[PDB]
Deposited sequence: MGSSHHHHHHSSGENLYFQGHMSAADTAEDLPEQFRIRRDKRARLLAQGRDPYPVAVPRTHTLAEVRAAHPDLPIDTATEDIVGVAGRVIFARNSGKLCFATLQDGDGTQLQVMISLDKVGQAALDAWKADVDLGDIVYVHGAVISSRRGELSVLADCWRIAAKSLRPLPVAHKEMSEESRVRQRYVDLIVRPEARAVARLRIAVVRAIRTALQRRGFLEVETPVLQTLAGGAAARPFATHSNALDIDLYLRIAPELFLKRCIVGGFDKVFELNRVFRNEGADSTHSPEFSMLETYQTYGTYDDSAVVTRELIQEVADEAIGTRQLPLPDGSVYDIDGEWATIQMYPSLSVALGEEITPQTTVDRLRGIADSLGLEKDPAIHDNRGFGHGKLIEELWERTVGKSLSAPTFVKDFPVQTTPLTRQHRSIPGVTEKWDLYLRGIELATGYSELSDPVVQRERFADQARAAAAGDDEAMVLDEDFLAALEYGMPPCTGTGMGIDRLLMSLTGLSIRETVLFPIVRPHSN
């Protein structure tokens, strides 16, 4: 709080002296990891003439008369420590260097009684704020978090690897990644309230996408065989531990397969991700426990599993009056009640990775009706560690069914998405699409909160 000002004084008295505390270029020859990997086993307390120029943040200090010692930490976490050359050097070192400062050191690498002893040295950046964190002050200052807490570094890097692993996996299977509009004249593809924004260009409101599905489906019409899109969607609603207004989401579409096929791919995908990004399918948790995601995953059906849980045959024919009865005895329409009752009974119990499939028609307007069973659609949800993570559909390609479905939805709350429906009636071949939530994915894999999985939330 005071040291704020002495640092700012250290800046000004360097400019006046004509020593640059924010130089344009310092000749860093090696990352610290490069130096460590280069000199793994080294005779302790012995010299080597490998001259190198390294840089890093001075995090520890121990000044002492003729020799000074400080730990240098590169941005990724790696560490190297630092008569030699000049006395004024040491004077400047003492008087100019503070903790949190970025410094360059040229010299030869030696082994401590793994350090480097300096020919030259320079400031690369002057810190006007010493380093210190509540979980919320962590999020509001991620940049400090990443500097001073290792786990922040590992989580950031893990998200990145997971996202790369996803691209790899889909690309290996012959999927093409596409960019579809964020700004739309009307936002569809999911059930949520949009963010609205006004355009100076057109003097109209546009709406940020809630999902890419409707546009992705146009691509399938247009002759894409296999397409995906990994990017942010926007749902103007409340925040909780599994919901945020902006988050990253994966949609996948594949022609000439069903929800049976996309279920297999989804499993393989998640498993292939663990392998690449985490290295095990026996997933360690902060709990201390281990979650096993290996092998095969159980598939249940919604109506039957709900039936066993309630001890009574529930079907698509079961009335809202009856459902409401059961809803009460525990604590709008048919579909909503089935999913609610199922979630409160079956989905809450689940631990092992589980698919639930065959969903009520009311609440699934974009998914095809089931091939044999009446009253249900070909949709699955994937629960992983009790987290709704992913869905897949046998996609409805029937435009007149689809027009009805929207009309039913519109009257319930009349402007339909006429261009989407127009596209469907040029002919969309049979396909299965999936959605997956990236943070929920990581959450399910790690036990980490949504406020840790993304770099910069609010």
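In sequence order, the gaps in C-alpha coverage of the deposited chain fall at 1-31, 114-117, 149-151, 171-175, 375-386, 469-475, 521-526.
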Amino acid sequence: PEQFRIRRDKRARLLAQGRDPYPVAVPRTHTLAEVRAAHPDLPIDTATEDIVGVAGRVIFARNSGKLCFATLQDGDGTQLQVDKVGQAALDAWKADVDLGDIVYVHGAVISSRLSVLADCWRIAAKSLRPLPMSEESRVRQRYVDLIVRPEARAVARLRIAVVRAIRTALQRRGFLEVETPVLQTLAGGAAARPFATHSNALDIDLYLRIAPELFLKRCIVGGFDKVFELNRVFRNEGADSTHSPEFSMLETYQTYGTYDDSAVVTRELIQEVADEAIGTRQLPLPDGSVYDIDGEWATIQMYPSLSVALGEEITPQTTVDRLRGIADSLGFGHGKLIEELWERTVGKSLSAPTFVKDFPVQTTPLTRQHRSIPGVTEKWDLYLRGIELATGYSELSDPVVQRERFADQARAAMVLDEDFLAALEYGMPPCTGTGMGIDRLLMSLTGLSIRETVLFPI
From here on, numbers count along this sequence of modelled residues.
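Superpose the two forms; the largest set of C-alphas matching within 1.5 Å is the rigid core.
With 376-384 and 83-91 as candidates, the stretch whose CA atoms show the greater average offset from this form in 6 other deposited structures of this protein after a core fit is 83-91. Stretch 241-249 is the one, of 71-79 and 241-249, whose CA positions lie farther from the shown form in 6 other deposited structures of this protein once all structures are superposed by the rigid core.
When the other compared entries with both flanking residues are checked, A413 is unmodelled in at least a third. Mean C-alpha B-factor is higher over 187-195 than over the other stretch, the pair under comparison being 187-195 and 357-365. For the pair 239-247 and 200-208, the mean Cα B-factor is higher in 200-208. For the set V85, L337, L146, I314, the PDB entry puts the maximum C-alpha B factor at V85.
Taking the PDB entry at face value, the top CA B factor among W342, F332, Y383, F215 belongs to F332.
Compared with the other modelled residues of the chain, the Cα B-factor recorded for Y291 ranks in the lowest third. For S397, the recorded CA temperature factor ranks within the middle third of the chain's modelled residues.
Ranked by Cα temperature factor within the chain, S134 sits in the highest third according to the deposited record.
Per the deposited record, the Cα B-factor of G223 falls in the lowest third when ranked against the other modelled residues of its chain. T434 sits in the lowest third of its chain by CA B factor, as recorded in the PDB entry.
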